[PDB]
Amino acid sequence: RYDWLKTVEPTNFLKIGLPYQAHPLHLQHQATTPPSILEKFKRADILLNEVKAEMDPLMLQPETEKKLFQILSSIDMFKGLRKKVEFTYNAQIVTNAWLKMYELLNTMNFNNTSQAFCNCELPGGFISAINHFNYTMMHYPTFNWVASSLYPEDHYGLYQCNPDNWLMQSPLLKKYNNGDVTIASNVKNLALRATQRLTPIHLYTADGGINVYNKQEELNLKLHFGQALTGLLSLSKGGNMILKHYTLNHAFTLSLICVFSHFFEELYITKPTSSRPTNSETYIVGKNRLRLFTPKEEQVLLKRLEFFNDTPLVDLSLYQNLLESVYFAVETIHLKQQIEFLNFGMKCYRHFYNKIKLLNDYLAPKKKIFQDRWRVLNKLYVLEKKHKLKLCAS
């Protein structure tokens, strides 16, 4: 039977709340003995990489490599939704970043989305989604925003047409901020520029990621640490935050969420449905910033980034409550949902590597059900022309 195909259900928005930390934040100066729960997080890393490694045999030959990627395309239930959203509602730059940001705004109930700093942003899905949301949903009289990104990629001309808004610089001005957020001076400067050009900043987002599958979190630690530092250097009190992450298993990643827990009224690890359930992408969301860094906290963290190493930022043993809730996040998102969708894909591969139109025929009705549900859950209205962003490419 192909009844397993017939019984597929939509996924849900997965949202795991985290406890805010009462005690004063003490930025660690010395390596400390790891809490026992880190051994649990390391078990999660090994197993998730075990299921990820299952596709290794198919990658060796280019022939099966192509069938594998066809199969993975075939089982993406949202494939047609970008083009649909784009035509129906005059939405611009409707990449997958657009859907993910739009779903985040419709679900997380932010107090304000009106003064946006979007870092590591190009091609520009996040700013566009927020621009669409702010004009059709929130009706802010005018929406000011700044952005930055590592210099190229601008696919829609959002950078070239809005030089007022972008804080990165061209290689011509190699004198200088190229937008690389792994560089400490670039981070402090990026935050300085954003606060000068636009204040308060009510919403910070960062959507960066290197790629090439076992060290993806390890390889992205420095990029994300600066992603975080940029936002936490610029975000006004009462502001909100959205950071893209991956597997959340490294003790530095866990130490970093521990820092977050001191600065927002609420904190949630999320996986929106428009984020592919087969990958490890996650979104750390903080609502309502309680306080800014103290001058010492600025110095310590920026030095941390300047001479980087994977020692935890804090004493993890002081966050037993928070680490358990993070583990519940990994279990739900990674060990349960992601592993299930990888097994589903391999099963689809084994029964349909040679029957691609057939697998697409079965899932066609389910794809329409899923994409319609998304549109029902995150209501969209048409974006008036006078509020489109000025683009420089088609």
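The numbering used is simple: start at 1 and walk along the sequence shown.
S.K.: Counting only residues that lack coordinates, how big is the gap in the deposited sequence between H139 and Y140? Pick none, 1 to 3, 4 to 9 or 10 or more.
M.R.: Missing residues, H139 to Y140: none.
S.K.: Does the entry skip any residues of the deposited sequence between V212 and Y213, and if so, is it 1 to 3, 4 to 9, or 10 or more, or none at all?
M.R.: Unmodelled stretch: 1 to 3 residues, a short break.
S.K.: Regarding 363-371 and 349-357, which shows the higher C-alpha temperature factor on average in the entry?
M.R.: Averaging CA B-factors over each stretch, the winner is 349-357.
S.K.: Mean CA temperature factor from the deposited coordinates, higher in 78-86 or in 111-119?
M.R.: Stretch with the greater average CA B-factor: 78-86.
S.K.: Reading the B-factor column of the entry, which of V330, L48, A31, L27 has the highest value at its C-alpha atom?
M.R.: Reading the PDB entry, the winner on C-alpha B-factor is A31.
S.K.: For the listed residues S170, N321, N240, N96, which one has the largest C-alpha B-factor as given in the deposited model?
M.R.: Within the set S170, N321, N240, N96, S170 shows the top C-alpha B-factor.
S.K.: Should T253 be placed in the lowest, middle or highest third of its chain by the C-alpha B factor in the entry?
M.R.: Its C-alpha B-factor belongs to the lowest third of this chain's values.
S.K.: Please place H245 in the lowest, middle or highest third of its chain by C-alpha B factor as given in the entry.
M.R.: Lowest third of the chain for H245's C-alpha B-factor.
S.K.: If you rank the chain by CA B-factor, which third does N220 end up in: lowest, middle or highest?
M.R.: As the PDB entry reports it, the C-alpha B-factor of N220 lands in the middle third of its chain.
S.K.: Sorting the chain's CA B-factors, does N12 end up in the lowest, middle or highest third?
M.R.: Its C-alpha B-factor belongs to the lowest third of this chain's values.
S.K.: Within this chain's modelled residues, let me know which third the CA B factor of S149 belongs to: lowest, middle or highest.
M.R.: Middle third.
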